[PDB]
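J.: I have a structure I would like to understand better, so I am pasting it below and will then ask my questions one at a time.
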Amino acid sequence: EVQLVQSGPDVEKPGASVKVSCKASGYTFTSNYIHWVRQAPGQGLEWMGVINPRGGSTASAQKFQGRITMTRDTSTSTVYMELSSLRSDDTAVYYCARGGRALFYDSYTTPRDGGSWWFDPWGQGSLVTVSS
Amino acid sequence: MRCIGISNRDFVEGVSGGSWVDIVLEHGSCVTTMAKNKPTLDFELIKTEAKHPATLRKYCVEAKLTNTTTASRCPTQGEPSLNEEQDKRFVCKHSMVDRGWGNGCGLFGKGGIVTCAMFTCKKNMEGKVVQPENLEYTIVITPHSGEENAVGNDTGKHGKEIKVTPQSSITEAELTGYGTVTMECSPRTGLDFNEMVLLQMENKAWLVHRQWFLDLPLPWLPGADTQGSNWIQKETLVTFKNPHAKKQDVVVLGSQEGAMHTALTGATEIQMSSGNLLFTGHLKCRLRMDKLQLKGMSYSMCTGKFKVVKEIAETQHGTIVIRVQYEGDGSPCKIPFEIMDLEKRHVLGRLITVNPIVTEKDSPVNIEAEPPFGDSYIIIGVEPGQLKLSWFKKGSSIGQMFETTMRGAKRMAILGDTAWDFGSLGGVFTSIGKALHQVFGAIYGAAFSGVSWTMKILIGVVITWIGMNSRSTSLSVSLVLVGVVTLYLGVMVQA
Amino acid sequence: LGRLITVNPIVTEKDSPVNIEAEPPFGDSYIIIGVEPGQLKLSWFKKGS
Amino acid sequence: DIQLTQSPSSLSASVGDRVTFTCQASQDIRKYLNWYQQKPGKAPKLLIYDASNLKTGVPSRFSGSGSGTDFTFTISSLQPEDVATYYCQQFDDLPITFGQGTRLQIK
Amino acid sequence: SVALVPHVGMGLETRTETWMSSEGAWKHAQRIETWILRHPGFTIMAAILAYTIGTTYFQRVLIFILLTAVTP
Ligand SMILES: *[C@@H]1O[C@H](CO)[C@@H](O[C@@H]2O[C@H](CO)[C@@H](O)[C@H](O)[C@H]2NC(C)=O)[C@H](O)[C@H]1NC(C)=O
Ligand SMILES: *[C@@H]1O[C@H](CO)[C@@H](O)[C@H](O)[C@H]1NC(C)=O
């Protein structure tokens, strides 16, 4: 079925870097876009960035500029998010999910758009804590 | 209203065609139009808003360096290497110095040497583009005829905002009473976007055509960014010292921001704060007026006894607005406004209120008109003649045609052959004009484009000279055309 | 004058984004799908020569 | 940029009641908007797309409305299992952004 | 750098003034003339060249004003 299994929660020291994994199933792993959305406990949802399984194109939000890398393994049908220079503010839960769209490479706004970005087929989230 | 005082304005007489008219209007300008009937309307053009941009380019005007290791092999074998040369986020250079027993090592020769530096930029330019979509014009089309307070104050609600987008058309507009009006834009004939770039600096922005904005030097970086810090270029940035022999050095280049201003001169700027402010540009609408009442019909002519407030108010040439306040009973009755010669009625003005009207009574209704070149006797009074005002319009006639020709010249410049369209329905001659100048000036004005004040005027005088010494009567095709296009277009442009 | 290549475009079952292709002249073009209240006119310009 | 305002921040209501939310956009977002329900400790979930549309498998008491900058989510009859926090989502332009959320409290 | 290619002739202009607005021209002239005042000799030699080559009087005038333009 449509499914996402993220790796389990982790804790790191400040200034560090953490790698969270997103595995998927139930479709063609190259047929949907991936995005990462974070939620701090005392806050709502925040959009971190995007990776395209097909071909590897990527993009990220201004806030995380410089701080976050996204990669994939097609063979495993899995995406990797990584954050650098970890700081206490970074402590939150992270989420990954998909999009139906057209492809080669990852943006779009005019084509199709929307369709439960991360509300029906969203991972289970994972907790990460930046602490000393 | 809302036109008066802006100068630079566009009187369009008559319509015919059964319907339509061709109006070319921009920004700082505005347009006043008339027909043998229908109320005089004014087209004033305000902010143009392009909604969705998309971001192509990252130029940085300033950076800094750190870390910055360097190496040399010794002065034959090998060309030195350093691992951080790997990550293109560094900048690298090879140079050559020398080494020997002083340096201590080998061979006594002129050595290879390298360096690298970490590169990071705080300040940017956001430059984006907009497709000939998601972009819209907003127009106020204001009626004349009284209703106090300003020939002016574009703020305040009369002519609505009549927004328009290429995604739509036909521009259906309504005003109180007569106010059914049909306009049709041709925005795709507008600024010719996809040639365009909107460039946001720290606040101020600038609209410049694409290629130049591609070729511009300084550090490159593509719209994707996303941590990339991937900047191409940097050779034109961050210069390296190499004093006489030993070592070498790397230098942050220093902010060019001002110099960038000096570059972006020769370009209209644009303010952009929220989503767009875009000003300037121009557009062409065609106007079908069918659909218009005169704003009142079958009345009685006033009664009598008007009392004036204020005086004459000659602006530009003509319009001479007057403000008056009716006193009496008769309720919204027509105002018998006339403009006449000495005595002996020859009577000639021309009146633009057309069909002025009293409102609810007390309210300072106002008028505008065009007296002849000379003496003018103006009369609003009827039963006891109640009023006459002496006026004199200086200037004349010949001078009028002359200055007019100057305006049409400027309009042949600035705006191009859309200018030829700015009249209405000249049948053949107008169309064939638009085409002749279309491809003609298309070849000639451009191609010998990209040139400035100096070189323009100068090339002008030289080619008109070589024309003056030409043979075979072709001098005219030199010469008159030459000097005209060259000189006249010389001083008018570059504003 | 255009020239239309859907030739004989057609509505399907109703709701479905039907599409069309055509060839406007070298110049200005005014495209109209609308009939009874004239509906939609769209301004177009084809550049070229 | 595409500032999305969500109102109100929270509501308490009795079962069976009709409840509505409103999201207001700093720019015209046309028909791109979304409505999430999320129960605590659960991933968020789908409710409304294109601001107008139920998903299959979603109960019918849900609805959504609004067009240019303004929108309203509605549950016809409050039901206890609906206790959650709800959201609206601007997709337009792709500086992807969410509404702050609205919590419910059953009466 | 951006110091030159100052987006001038280009096109598109408009009815409204743009930026340096009746300066940068006046600027261009004043600076180059200034530099002429500073280096008179080069003017001299150049002019001489004008009297040497072509010289077809109008020619002299031309190549002279160019050799004035020639300083970067
Ligand atoms: C431009 O229009 C505004 C809007 O009508 C004028 O402001 C009005 O002035 C009258 C004069 O008594 C007031 O009764 C209205 O309440 C004003 N409108 C407001 C405050 O919204 C303004 O006066 C006009 N410009 C000039 C120069 O008169
Ligand atoms: C540069 O040096 C600083 C300390 O001097 C260090 O923290 C940083 O990691 C270095 N950067 C690189 C790219 O080596």
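FYI, nothing fancy with the structure tokens labels: chains A, B, ... in order, residues from 1 per chain, ligands from 1 as they appear.
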List as CSV every residue of chain C that is in contact with chain B, defined as an atom at most 7 Å from one of its atoms (using only C-alpha atoms), together with the nearest atom pair and the distance in Å rounded to one decimal, sorted by chain and then rising number.
T.:
residue,atom,partner,partner_atom,distance
C:41,CA,B:169,CA,6.3
C:42,CA,B:169,CA,6.2
C:43,CA,B:186,CA,6.5
C:44,CA,B:188,CA,6.5
C:45,CA,B:188,CA,6.2
J.: Residue 5 in chain D: which residues within 9 Å, counting only C-alpha atoms, same-chain residues fewer than 5 positions away excluded, as a ChimeraX atom specification?
T.: /D:22-26,88,98-100
J.: Could you please extract the residues within 8 Å of ligand 1, counting only C-alpha atoms and all ligand atoms, and hand them back as a PyMOL selection string?
T.: chain B and resi 148-150+152-157
J.: Please find the residues of chain A near chain B - the criterion being any atom within 8 Å, counting only C-alpha atoms - and write them as a PyMOL selection string.
T.: chain A and resi 58-62+64-69
J.: Can you pull out the residues contacting residue 44 in chain A? Cut-off 7 Å, using only C-alpha atoms, and skip same-chain residues under 4 positions away; I want them as a list in words.
T.: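 Near neighbours after the sequence-gap exclusion: residues 39 and 40 of chain A; 100 and 101 of chain D.
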J.: Keeping only C-alpha atoms, write the selected residues to a file as a CSV table (one decimal), in the first residue's frame.
T.:
chain,number,residue,atom,x,y,z
A,39,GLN,CA,7.1,20.4,13.4
A,40,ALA,CA,8.5,21.8,16.6
D,100,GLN,CA,-1.0,27.9,12.1
D,101,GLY,CA,-3.7,25.4,13.1
J.: List all protein, DNA and RNA residues that have at least one atom no more than 8 Å from any atom of ligand 2, counting only C-alpha atoms and all ligand atoms, and write them as a VMD selection string.
T.: chain B and resid 66 to 68 118
J.: With N, CA, C and O atoms retained, write the just-selected residues as an mmCIF file, in the first residue's frame.
T.:
data_model
loop_
_atom_site.group_PDB
_atom_site.id
_atom_site.type_symbol
_atom_site.label_atom_id
_atom_site.label_comp_id
_atom_site.auth_asym_id
_atom_site.auth_seq_id
_atom_site.Cartn_x
_atom_site.Cartn_y
_atom_site.Cartn_z
ATOM 1 N N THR B 66 38.166 33.040 4.192
ATOM 2 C CA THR B 66 38.722 32.489 5.418
ATOM 3 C C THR B 66 39.451 31.201 5.083
ATOM 4 O O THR B 66 39.498 30.784 3.924
ATOM 5 N N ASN B 67 39.988 30.553 6.120
ATOM 6 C CA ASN B 67 40.693 29.300 5.904
ATOM 7 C C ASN B 67 41.811 29.571 4.912
ATOM 8 O O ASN B 67 42.857 30.113 5.280
ATOM 9 N N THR B 68 41.613 29.150 3.670
ATOM 10 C CA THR B 68 42.470 29.584 2.578
ATOM 11 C C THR B 68 43.882 29.049 2.721
ATOM 12 O O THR B 68 44.827 29.772 3.046
ATOM 13 N N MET B 118 37.887 29.545 1.041
ATOM 14 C CA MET B 118 36.459 29.334 1.203
ATOM 15 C C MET B 118 35.763 30.640 0.862
ATOM 16 O O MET B 118 36.302 31.721 1.111
#
J.: What lies within 10 Å of residue 19 in chain C using only C-alpha atoms, ignoring chain neighbours under 6 positions off, as a list in words?
T.: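 Near residue 19 in chain C, the qualifying residues are residues 6, 9, 10 and 11 of chain C.
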J.: Contacts of range 30-41 of chain D at 8 Å or less, counting only C-alpha atoms, minus same-chain residues fewer than 5 places along, as a ChimeraX atom specification?
T.: /A:114,119 /D:46-51,64,67-69,73,83-92
J.: Find the spatial neighbours of residue 82 in chain A, counting only C-alpha atoms, within a cut-off of 7 Å - ignore same-chain residues fewer than 4 positions away - and output them as JSON, numbers by chain.
T.: {"A": [17, 18, 19, 20, 68, 69, 70]}
J.: Save out the residues we just selected, N, CA and C atoms, as a PDB file, in the first residue's frame.
T.:
ATOM      1  N   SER A  17      25.453  17.115  12.804  1.00  0.00           N
ATOM      2  CA  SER A  17      24.629  16.824  11.650  1.00  0.00           C
ATOM      3  C   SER A  17      23.915  15.502  11.882  1.00  0.00           C
ATOM      4  N   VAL A  18      22.658  15.437  11.457  1.00  0.00           N
ATOM      5  CA  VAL A  18      21.836  14.249  11.633  1.00  0.00           C
ATOM      6  C   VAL A  18      21.308  13.813  10.279  1.00  0.00           C
ATOM      7  N   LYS A  19      21.114  12.509  10.131  1.00  0.00           N
ATOM      8  CA  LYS A  19      20.635  11.909   8.896  1.00  0.00           C
ATOM      9  C   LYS A  19      19.388  11.099   9.213  1.00  0.00           C
ATOM     10  N   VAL A  20      18.260  11.514   8.664  1.00  0.00           N
ATOM     11  CA  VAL A  20      16.999  10.809   8.831  1.00  0.00           C
ATOM     12  C   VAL A  20      16.606  10.195   7.501  1.00  0.00           C
ATOM     13  N   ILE A  68      21.015  21.977   4.851  1.00  0.00           N
ATOM     14  CA  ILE A  68      20.310  20.715   4.658  1.00  0.00           C
ATOM     15  C   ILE A  68      20.583  20.131   3.285  1.00  0.00           C
ATOM     16  N   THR A  69      20.962  18.859   3.268  1.00  0.00           N
ATOM     17  CA  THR A  69      21.224  18.126   2.039  1.00  0.00           C
ATOM     18  C   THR A  69      20.196  17.010   1.916  1.00  0.00           C
ATOM     19  N   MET A  70      19.787  16.724   0.689  1.00  0.00           N
ATOM     20  CA  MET A  70      18.840  15.660   0.399  1.00  0.00           C
ATOM     21  C   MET A  70      19.425  14.752  -0.667  1.00  0.00           C
TER      22      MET A  70
END
J.: Counting only C-alpha atoms, figure out which residue out of E:44, E:69, E:36, E:49 gets nearest to chain B.
T.: E:69
J.: Select all residues from chain D having any atom no more than 9 Å from an atom of chain B (counting only C-alpha atoms, ignoring ligands), output as JSON, numbers by chain.
T.: {"D": [1, 27, 28, 93]}
J.: Put those residues in a file: C-alpha atoms, as a CSV table (one decimal), in the first residue's frame.
T.:
chain,number,residue,atom,x,y,z
D,1,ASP,CA,5.8,35.6,1.5
D,27,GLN,CA,-1.9,37.1,-2.0
D,28,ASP,CA,-4.5,35.7,-4.3
D,93,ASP,CA,4.3,29.6,-5.8
J.: Neighbouring residues of residue 180 in chain B were defined as those with any atom within 7 Å, considering only C-alpha atoms; residues of the same chain fewer than 6 positions away were excluded. Please report them as a ChimeraX atom specification.
T.: /B:173-174,291-292
J.: I'd like a table as JSON lines: residues in chain E with an atom no more than 6 Å from chain B, each row giving the shortest atom pair and its distance in Å to one decimal, only C-alpha atoms counted, sorted by chain and rising residue number.
T.:
{"residue": "E:2", "atom": "CA", "partner": "B:260", "partner_atom": "CA", "distance": 5.3}
{"residue": "E:3", "atom": "CA", "partner": "B:259", "partner_atom": "CA", "distance": 5.3}
{"residue": "E:6", "atom": "CA", "partner": "B:263", "partner_atom": "CA", "distance": 3.9}
{"residue": "E:7", "atom": "CA", "partner": "B:266", "partner_atom": "CA", "distance": 5.3}
{"residue": "E:8", "atom": "CA", "partner": "B:266", "partner_atom": "CA", "distance": 4.3}
{"residue": "E:9", "atom": "CA", "partner": "B:450", "partner_atom": "CA", "distance": 3.8}
{"residue": "E:10", "atom": "CA", "partner": "B:450", "partner_atom": "CA", "distance": 4.2}
{"residue": "E:14", "atom": "CA", "partner": "B:414", "partner_atom": "CA", "distance": 5.8}
{"residue": "E:17", "atom": "CA", "partner": "B:495", "partner_atom": "CA", "distance": 4.4}
{"residue": "E:18", "atom": "CA", "partner": "B:268", "partner_atom": "CA", "distance": 4.5}
{"residue": "E:19", "atom": "CA", "partner": "B:265", "partner_atom": "CA", "distance": 5.3}
{"residue": "E:21", "atom": "CA", "partner": "B:495", "partner_atom": "CA", "distance": 5.6}
J.: Tell me, counting only C-alpha atoms, for each residue of chain A within 7 Å of chain D, which pair of atoms is nearest and how far apart they are in Å to one decimal, in rows ordered by chain and increasing number, as a Markdown table.
T.:
| residue | atom | partner | partner_atom | distance |
| --- | --- | --- | --- | --- |
| A:44 | CA | D:100 | CA | 5.8 |
| A:45 | CA | D:98 | CA | 6.3 |
| A:46 | CA | D:97 | CA | 6.7 |
| A:47 | CA | D:96 | CA | 5.9 |
| A:61 | CA | D:95 | CA | 6.8 |
| A:109 | CA | D:93 | CA | 6.2 |
| A:114 | CA | D:91 | CA | 6.8 |
| A:115 | CA | D:49 | CA | 6.3 |
| A:116 | CA | D:46 | CA | 5.6 |
| A:118 | CA | D:44 | CA | 6.8 |
| A:119 | CA | D:45 | CA | 3.3 |
| A:120 | CA | D:45 | CA | 4.7 |
| A:122 | CA | D:43 | CA | 6.4 |
| A:123 | CA | D:43 | CA | 7.0 |
| A:124 | CA | D:43 | CA | 5.9 |
| A:125 | CA | D:43 | CA | 6.9 |
J.: What does the distance between CA of residue 14 in chain A and CA of residue 51 in chain A come to in Å, to one decimal place?
T.: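 Computing it gives 25.5 Å between the two atoms.
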